[PDB]
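Participant: Before I ask anything, let me first share the structure, which is written out below as structure tokens.
What follows draws every value from the coordinates through simple rules; no lab data is involved. Because the Cβ atoms are built from the backbone with ideal geometry, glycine has one as well, and the counts that use them run over all protein chains shown.
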Amino acid sequence: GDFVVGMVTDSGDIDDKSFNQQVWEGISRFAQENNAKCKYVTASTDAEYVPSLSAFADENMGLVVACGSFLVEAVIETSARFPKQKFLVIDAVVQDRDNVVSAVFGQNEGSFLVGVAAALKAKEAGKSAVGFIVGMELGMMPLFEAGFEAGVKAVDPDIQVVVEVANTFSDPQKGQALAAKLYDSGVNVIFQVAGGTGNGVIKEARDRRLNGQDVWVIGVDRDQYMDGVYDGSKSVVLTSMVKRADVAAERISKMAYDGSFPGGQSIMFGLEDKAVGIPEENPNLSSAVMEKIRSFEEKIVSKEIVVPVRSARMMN
Ligand SMILES: Nc1nc2c(ncn2[C@@H]2O[C@H](CO)[C@@H](O)[C@H]2O)c(=O)[nH]1
């Protein structure tokens, strides 16, 4: 009765206020705007990856959407078994499948911009270290730290980045504990790239500011500014590294619907396409800081500056 987009997620959370929420929102906008339909299924564990993708393929859906490094092996295999079913993979890369489109993000480029913001706010307080909490380091995840570090160093090479890995995108309790550890060490800015776990980092930041500690957090995926309001007016969210996974999902769903699915291609959503970067409006960033950020942004887009894909501590 309808063209249907089916999302298989490795997370039991489309309300994660970040990544899975953006993807579902994009699929949902596509369906609403095109008189189509959509649904999703959660595949918490590995053993459910193959059967989950297979069931949607057996329903002859218009498009099957899968995200992350946990689902890619299952997509690689399943796409070969169902050559006539279209699949979209987000945050991972598939080769040799003309029925699969891979959407990847230049998140190192966007993270460079928030690194500049972090370094400037840290210097403002005489701090020589900033924090970074990442959900997991598999797949393309290392791009965030690589760009964040590069942006921090572009402002001041002596500022150190202190990294904590949660090893989960669905544990806010862990997010708060890791944020507490960083703030307790004297850091005043933390960039969180941790999906649902990240909501706990934002909570810890709100709790600290509420009681007079001058701390900040930089959000991810969505413009998380309102998520950090702690006293009725002010927010602890310095800025956010926005990643338009919603636009990628919406646009490719439309191409599938229209017969122009770019099967077999990897599509890069970057700073020049405005698919990553910072929000258009940033109450906590001054005009001076914004001009500095915009300046670096232009040098990255033109390639005058190329942002690394791996941080210094991860390079030989
Ligand atoms: N595989 C996977 N990646 C996620 C999830 N949540 C967040 N991420 C990744 O972590 C980044 C920051 O939230 C997102 O842009 C994604 O790259 C999740 O539930 N599963």
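Participant: Please arrange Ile252, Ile278 by counting, for each residue, the other beta carbons lying within 10 Å of its beta carbon, fewest first.
Facilitator: Going from least to most buried by this count: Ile278, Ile252.
Participant: A further question on this structure: Taking θ as phi - 60°, what are the ³J(HN,Hα) couplings along region 85-102 by the Karplus curve (6.51, -1.76, 1.60), each to the nearest whole Hz, with x for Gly and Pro?
Facilitator: Result, rounded to whole Hz: 9, 8, 10, 10, 10, 10, 6, 7, 10, 10, 10, 6, 9, 6, 9, 10, 10, 10.
Participant: I would also like to ask the following. Over the Cα atoms of region 136-217, each weighted equally, I'd like the Debye log10 I(q)/I(0) at q = 0.21, 0.26 Å⁻¹, rounded to two decimals.
Facilitator: Ignoring solvent entirely, the Cα scatterers give -1.00, -1.28.
Participant: What number, in percent, do you get for the relative contact order of the chain if the mean sequence gap of Cα pairs under 8 Å and at least 6 apart is divided by its residue count?
Facilitator: With pairs under 8 Å counted, the relative contact order is 20 percent.
Participant: Then there's this: What does the highest-first list of 113-119, 219-225 look like by mean Cβ count within 10 Å?
Facilitator: With the highest mean Cβ count within 10 Å placed first, the list reads 113-119, 219-225.
Participant: Now a separate question. Select from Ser286, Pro142, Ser44 the residue farthest towards the positive end of the dipole of the chain; place +1 on Cβ of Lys and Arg, -1 on Cβ of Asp and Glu, and compute about the Cα centre.
Facilitator: Value: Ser286.
Participant: So for region 106-147, Kirkwood radius off the Cα pairs, Stokes-Einstein at 25 °C and 0.890 mPa s: how many µm² s⁻¹?
Facilitator: 223 µm²/s
Participant: Going by a ≥ b ≥ c, the root eigenvalues of the Cα gyration tensor, does region 241-316 fall in the rounded group (a/c under 1.5), the prolate group (a/b larger than b/c) or the oblate group?
Facilitator: oblate
Participant: Among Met141, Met241, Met314, rank each residue by its count of other Cβ atoms within 10 Å, from fewest to most, as a rough exposure measure.
Facilitator: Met314, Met141, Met241
Participant: Right, next: Among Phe144, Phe261, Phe3, which comes first, then next, by fewest other beta-carbon atoms within 10 Å? Don't jump to the answer; show the numbers that get you there.
Facilitator: Numbers: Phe144 28, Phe261 22, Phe3 18.
Exposure proxy ranking, most exposed first: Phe3, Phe261, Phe144.
Participant: In 10 Å bins starting at zero, report the fraction of Cα pairs in region 1-105 per bin as a rounded %.
Facilitator: Computed distribution, short to long bins: 16, 52, 31, 2.
Participant: Over region 210-316, how many pairs of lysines fall under 17 Å by alpha carbon, counting only those 8 or more apart in sequence or from different chains? Please report the intermediate quantities before stating the final value.
Facilitator: On the way: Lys243/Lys274; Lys274/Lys299; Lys274/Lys303; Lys292/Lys303.
Taking region 210-316 as the scope, the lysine pair count is 4.
Participant: Quick one: dipole size for region 138-279, taken about the Cα centre, charges +1 on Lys/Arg Cβ and -1 on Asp/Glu Cβ, in debye to the nearest 20.
Facilitator: Dipole about the Cα centre, nearest 20: 220 debye.
Participant: OK, next. Please list, or write none, the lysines whose alpha carbon is within less than 19 Å of the alpha carbon of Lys127, excluding same-chain residues fewer than 8 places away.
Facilitator: The reachable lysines, counting only those whose Cα sits under 19 Å from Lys127, are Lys153, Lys181.
Participant: Within the chain, what percent of beta bridges assigned by DSSP are antiparallel, to the nearest 5?
Facilitator: Beta bridges within the chain, antiparallel portion: roughly 5 percent.
Participant: On to the next question. With the Cα gyration tensor of the chain in hand, convert its eigenvalues to equivalent ellipsoid semi-axes via √(5λ) and list them largest first in whole Å.
Facilitator: Value: 35, 20, 18 Å, ordered largest first.
Participant: With labels modelled as points extended 7 Å from the Cα through the Cβ direction, what inter-label distance (nm, one decimal) is found for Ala47 paired with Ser260?
Facilitator: Label at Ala47, label at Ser260, 4.4 nm between them.
Participant: Enumerate the helices in the chain for which the Kyte-Doolittle hydropathy averages -1.0 or more and the C-alpha atoms extend at least 15 Å along the helix's axis, using complete DSSP H runs.
Facilitator: Helices passing the filter in the chain: 19-33, 107-124, 142-155, 172-184, 245-258, 287-302.
Participant: How much net charge surrounds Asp184 when only the other residues with a Cβ under 13 Å from the Cβ of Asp184 are counted, with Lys and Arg +1 and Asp and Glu -1?
Facilitator: Result for the local shell: -1.
Participant: Okay, next question. Modelled label-to-label distance, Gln160 and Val309, 7 Å Cα→beta-carbon offset: nm?
Facilitator: With each label placed 7 Å out from Cα toward Cβ, I get 2.9 nm.
Participant: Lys/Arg Cβ at +1, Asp/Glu Cβ at -1, dipole of the chain taken about the Cα centre: which of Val165, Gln95, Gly26 is farthest positive-ward?
Facilitator: Positive-most Cα among the choices belongs to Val165.
Participant: In addition: Just to confirm a number: summing +1 for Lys and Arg and -1 for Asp and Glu over residues other than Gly196 whose beta-carbon lies under 14 angstrom from that of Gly196, what do you get?
Facilitator: Value of the local net charge: -3.
Participant: Then there's this: When the dipole is taken about the Cα centre of the chain, and only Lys, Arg (+1) and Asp, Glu (-1) are charged at their Cβ, what size is it in debye, to the nearest 20?
Facilitator: 400 debye
Participant: OK, next. Just the Kirkwood number for region 181-316, please: inverse of mean 1/r across all distinct Cα pairs, in Å, one decimal.
Facilitator: Taking every pair of different Cα atoms in region 181-316, averaging 1/r and inverting gives 17.2 Å.
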